[PDB]
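Note sheet for the following structure.
All Cβ positions, even for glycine, are placed from backbone atoms using ideal geometry, and neighbour counts span all protein chains on display. Each answer follows from the model by the rule given with it, or from the source it names; no laboratory read-out is quoted.
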Amino acid sequence: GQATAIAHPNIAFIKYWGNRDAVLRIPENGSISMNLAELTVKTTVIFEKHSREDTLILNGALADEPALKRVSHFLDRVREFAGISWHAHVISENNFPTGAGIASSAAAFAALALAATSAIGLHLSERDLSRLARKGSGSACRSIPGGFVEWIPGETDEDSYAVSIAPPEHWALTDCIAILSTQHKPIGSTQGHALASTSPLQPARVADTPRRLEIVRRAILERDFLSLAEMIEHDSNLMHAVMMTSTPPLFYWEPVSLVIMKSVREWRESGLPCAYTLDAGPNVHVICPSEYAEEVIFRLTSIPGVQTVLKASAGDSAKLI
Amino acid sequence: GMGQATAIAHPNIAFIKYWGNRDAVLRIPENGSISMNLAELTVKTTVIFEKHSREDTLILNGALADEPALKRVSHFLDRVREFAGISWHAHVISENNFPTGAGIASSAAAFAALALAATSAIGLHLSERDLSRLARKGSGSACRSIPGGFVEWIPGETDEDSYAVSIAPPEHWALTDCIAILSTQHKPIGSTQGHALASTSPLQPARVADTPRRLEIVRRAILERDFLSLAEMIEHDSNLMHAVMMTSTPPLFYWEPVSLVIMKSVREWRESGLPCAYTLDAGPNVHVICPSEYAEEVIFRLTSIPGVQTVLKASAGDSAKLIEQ
Ligand SMILES: C[C@@](O)(CCOP(=O)(O)OP(=O)(O)O)CC(=O)O
Ligand SMILES: C[C@@](O)(CCOP(=O)(O)OP(=O)(O)O)CC(=O)O
C-alpha cells in the first residue's frame with residue numbers, strides 16, 4: 001500500500017506544555033491552535049512486504065537514526081492497530097524556510113498519521129487520526145483537523161484528541177512570524193515537557209488552563225480580537241514562566257524576543273490590533289486581523305535583529321493527495 | 001529645635017525576594033525574604049524637630065524634595081509622631097553617595113536611616129526589632145536595612161510580627177555584589193504598584209506558598225558559606241518573582257534585552273568554572289553575586305558586555321547606625 005498526505009503546522013493560542021502521560025502524550029492541560037496554511041509537510045508512505053526494518057527519507061536525505069526510530073516506533077502503532085506487520089519506506093518533504101527554526105513535529109506526524117494509515121488500507125475518522133498523531137507528537141493531534149482547533153486533554157488515550165472549533169474561513173487572522181537572525185539550538189520540546197514538573201509554578205499554571213481556554217474558545221467563536229490578544233500573550237508568558245523556573249531553567253527567549261513582545265503590546269495599545277505568542281523558541285508569532293498584516297509586517301521588519309517575517313493565514317485540515 | 005539626630009543606612013540586595021503584600025498599607029508582605037546590605041552605598045539623614053515648623057521639610061542632596069517624596073516622608077513622620085505621642089514637625093536633611101542615573105533604589109536605605117534618626121531625635125531608644133518594624137512601614141525592604149550583614153525579614157501577619165533580623169554579620173562571608181548598570185533604562189513602574197499587581201498573577205499564590213522552602217535553603221547556605229546552593233537559589237528566586245511580574249495583569253516586564261544577555265552569560269560563567277550568580281529587582285540592572293576572590297574577574301567580564309554602562313562593586317554592609325554628624 002501507498003498514500004500521500006499533507007498537513008500544516010499550527011500556532012498554539014493556548015499552549016501545550018507538560019504531560020500527564022509522557023509515552024501516550026496525554027497532556028496536563030488542553031490547548032487551542034490555528035493551522036498555518038502556507039507551510040506544509042508532504043509525506044508518502046510505502047508499505048512493502050518483508051522489508052526488514054522501516055526506512056526514512058527527509059527532504060531528500062537519509063534521516064538520522066533518532067528521527068528514524070521515532071517514525072518507526074510510530075509505525076509500530078499503525079501496525080499494532082491494523083494487524084498488518086509490514087515495514088515501510090517513509091519519504092517526507094516540507095517547504096519550511098531554510099534555517100528559520102520552525103517547528104515541524106506537528107505537521108509531520110499529522111501527515112505521517114494520515115498517509116501511513118491510508119496506505120495500510122485503514123479509513124480512520126478525523127477524531128481517530130488525531131488520537132494517532134498525538135502519539136507521534138503532542139501538537140500533531142491539532143494539525144489533523146483544520147482551522148481553529150481545540151485539543152481535549154483527557155486522561156486516557158481514547159479521551160485525548162483534537163477537534164475543529166471553527167473552520168479557517170470563520171476568522172481572517174494572520175500569523176506574522178518574526179524569524180530572528182541570531183538563533184540558538186534549543187533543548188527539544190520532549191525534554192522541556194519532562195522538566196515542567198520541576199517548576200514550582202507548573203501546577204498552578206495547569207489548574208488555571210480551563211479559565212484560559214474558555215476565554216479563547218469564546219473569543220474565536222465571537223471573533224473578539226482584544227480578548228484573544230490579551231489571553232494569548234498571558235498564556236504564552238505563563239508557559240515561559242514555567243520554562244524559566246524549571247531546573248535547569250529553559251530560557252528560550254532571545255534578547256530581541258523581549259524587544260518584539262514589548263513592541264507588539266505597545267502597537268496594540270496605540271491602535272494596531274496585534275498580539276504576540278512564542279513557542280519553545282525565540283521566534284515571535286504576531287497574530288493580527290489580516291487587514292492589519294501589512295502594517296504589522298512593516299513594523300516587525302524595522303525591528304533590529306529581525307531577519308525576516310513569514311506571513312501565514314488560517315490553514316485547513318490534513319488531507320490525502 | 002526640639003531634638004536632633006543623624007543616621008546612616010545601606011541599601012540591600014534581596015537573595016529571596018519580597019514581592020506582594022498581605023497588607024499593603026502596613027507593608028506586611030506575603031512571604032519572607034533575605035538580603036545583604038551593601039557596604040559602599042549610604043544614605044545619611046539628619047532629623048531636626050522644630051517648635052515652629054507647621055509641616056515637615058525634606059532636603060535631598062541640598063535641594064528641596066519633590067512633593068511625592070515629601071508626602072512619603074511626612075506620612076512616615078506621622079507614625080513616629082503618633083508612636084512618641086509628640087506633635088513636632090521636622091526638617092529632614094539627607095544625602096547619599098548613589099551614582100546618579102544608575103537606577104539603584106535608595107528607599108530601603110532612606111527609610112532605615114530615617115527610622116533611626118527620627119526616633120533618636122525625638123528621644124526614643126528603640127530595639128532593633130522595633131526599628132525594623134517602623135522602617136518597614138515607609139518601605140518594606142527598609143526593614144532589612146536596619147539589621148546588619150545578611151538579613152532575613154520575618155513576614156508575619158500583623159504589624160508587630162513583620163520585621164527583620166540579622167542572620168549573619170558582614171564579616172561572616174566575603175561575598176561581593178557586582179552591579180551591572182544598564183546604559184539604557186527608562187522610568188520603571190514603581191514597586192508600590194508592582195506589589196499591588198502581584199495578586200493578578202495566577203502564579204503568585206504558588207510562588208508565595210513555596211517561599212519557606214527557598215528561605216530555608218538560602219538561610220542554610222549563608223550559615224554554611226555554601227555558594228553553589230546559594231547561587232542556584234537566588235537565580236531561581238529572581239526568576240520566580242519576574243515570572244509573577246510578567247504574568248500579572250497588565251504584565252510587568254522589567255527586563256531589558258541586555259538583562260537577558262547578562263543572565264545567560266553569568267550562568268555560563270558559573271558552569272564554565274567562575275562562581276557567580278545573578279539576581280534582579282524591579283528594574284533591568286543585574287546584581288551579580290560572587291565570592292569576593294572572583295569579583296575582579298566577574299567585574300571584568302561584566303564590563304565588556306555591550307549595553308552595560310558601568311559596574312558597581314559592593315561588599316556586605318553593617319547595620320543602620322547613629323552618628324554624631
Ligand atoms: C511549545 C509548544 O509548541 C509545545 C509543542 O510541543 P510538542 O508537541 O512538539 O512536544 P512533543 O509531544 O514532545 O513532540 C506549545 C504548543 O504548540 O502548544
Ligand atoms: C523587587 C524588590 O526589590 C522589592 C522591593 O520592594 P520595595 O521595598 O521597594 O517596595 P515598597 O514597600 O513599595 O517601598 C525585591 C526585594 O528587595 O525583596
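Looking only at residues in segment B:59-89 that are part of a strand (DSSP E or B) and under 25 Å from the mean Cα position of the chain (by Cα), which one is surrounded by the fewest Cβ atoms within 10 Å (Cβ to Cβ)? Looking at residues that are part of a strand (DSSP E or B) and under 25 Å from the mean Cα position of the chain (by Cα), I get B:63.
Across segment B:119-175, the qualifying residues are those that are of a type in the set (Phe, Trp, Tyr) and touching a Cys at 6+ places or on another chain (Cβ under 7 Å), and the one among them that is nearest to residue B:92 (Cα to Cα) is B:163.
So is residue A:112 crowded, with 24+ Cβ neighbours inside 10 Å, away from ligand 2 (no atom under 16 Å from the Cβ) and not assigned by CATH to the domain that holds residue A:287 or not? Working first, answer last.
Working: crowded, with 24+ Cβ neighbours inside 10 Å: yes; away from ligand 2 (no atom under 16 Å from the Cβ): yes; not assigned by CATH to the domain that holds residue A:287: yes.
In short, yes.
Of the set (1) facing chain A (nearest Cβ under 9 Å); (2) under 26 Å from residue B:205 (Cβ atoms), all apply to residue B:256 but (2). Within segment B:221-232, restricting attention to residues that are outside any loop (DSSP other than H, G, I, E, B) and surrounded by fewer than 18 Cβ atoms within 10 Å (Cβ to Cβ), the residue that is farthest from the other protein chains (Cβ to nearest Cβ) is B:223. Please work out if residue A:303 is surrounded by fewer than 22 Cβ atoms within 10 Å (Cβ to Cβ), touching a residue at least 12 places away in the same chain (Cβ under 8 Å) and within 14 Å of chain B (Cβ to nearest Cβ). In short, yes.
Yes/no per residue for (1) within 12 Å of ligand 2 (Cβ to nearest atom); (2) free of Cβ contacts under 8 Å to residues at least 24 places away in the same chain; (3) hydroxyl-bearing (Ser, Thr, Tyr):
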site: B:13; (1), (2), (3): yes, no, no
site: B:42; (1), (2), (3): no, no, yes
site: B:47; (1), (2), (3): no, no, no
site: B:60; (1), (2), (3): no, no, no
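Whenever a residue of segment B:189-202 is within 15 Å of residue A:241 (Cβ to Cβ), its partners that are among the acidic types (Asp, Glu) and more than 16 Å from ligand 1 (Cβ to nearest atom), lying with C-beta atoms within less than 8 angstrom and at least six residues away or across chains, give the pairs B:198/B:30.
Would you point out the residue of segment A:235-268, among those that are in contact (Cβ under 8 Å) with a residue 40 or more places away in the chain and either not assigned by CATH to the domain that holds residue A:204 or not in a helix (DSSP H, G or I) (or both), that is surrounded by the most Cβ atoms within 10 Å (Cβ to Cβ)? Out of the qualifying residues, it is A:245.
Within segment A:152-165, residues that are on the phi > 0 side of the Ramachandran plot sit with their Cβ atoms under 7 Å from residues that are of a type in the set (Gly, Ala, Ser), at 6+ positions apart or across chains, in these pairs: A:154/A:160. Here residue B:209 fulfils each of the conditions (1) free of Cβ contacts under 8 Å to residues at least 12 places away in the same chain; (2) in contact with a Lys or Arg (Cβ under 7 Å, 6 or more places away or on another chain) apart from (2).
Within 14 Å of ligand 1 (Cβ to nearest atom) and surrounded by fewer than 21 Cβ atoms within 10 Å (Cβ to Cβ): is that true of residue A:101 in this structure? Break it down stepwise before answering.
Numbers: within 14 Å of ligand 1 (Cβ to nearest atom): yes; surrounded by fewer than 21 Cβ atoms within 10 Å (Cβ to Cβ): yes.
When the stated conditions are applied, residue A:101 passes them.
Here is a check on your reading of the model: is residue B:235 in contact with a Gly (Cβ under 9 Å, 6 or more places away or on another chain), closer than 26 Å to residue B:176 by Cα and within 10 Å of another protein chain (Cβ to nearest Cβ)? So residue B:235 fails the test. Return a yes/no flag: does segment B:93-108 have any residue that is away from ligand 2 (no atom under 16 Å from the Cβ), among the small types (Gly, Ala, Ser) and under 30 Å from residue B:231 (Cβ atoms). Yes: segment B:93-108 contains one or more residues that are away from ligand 2 (no atom under 16 Å from the Cβ), among the small types (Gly, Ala, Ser) and under 30 Å from residue B:231 (Cβ atoms).
For residue B:271, the stated conditions do not hold, so it cannot be described as surrounded by fewer than 20 Cβ atoms within 10 Å (Cβ to Cβ), over 23 Å from the mean Cα position of the chain (by Cα), more than 12 Å from chain A (Cβ to nearest Cβ) and free of Cβ contacts under 8 Å to residues at least 24 places away in the same chain.
Looking at residue A:266, is it of a type in the set (D, E, K, R) and at the interface with another protein chain (Cβ under 10 Å from one of its Cβ atoms)? Break it down into steps so the answer makes sense when it comes.
On the way: of a type in the set (D, E, K, R): yes; at the interface with another protein chain (Cβ under 10 Å from one of its Cβ atoms): no.
No.
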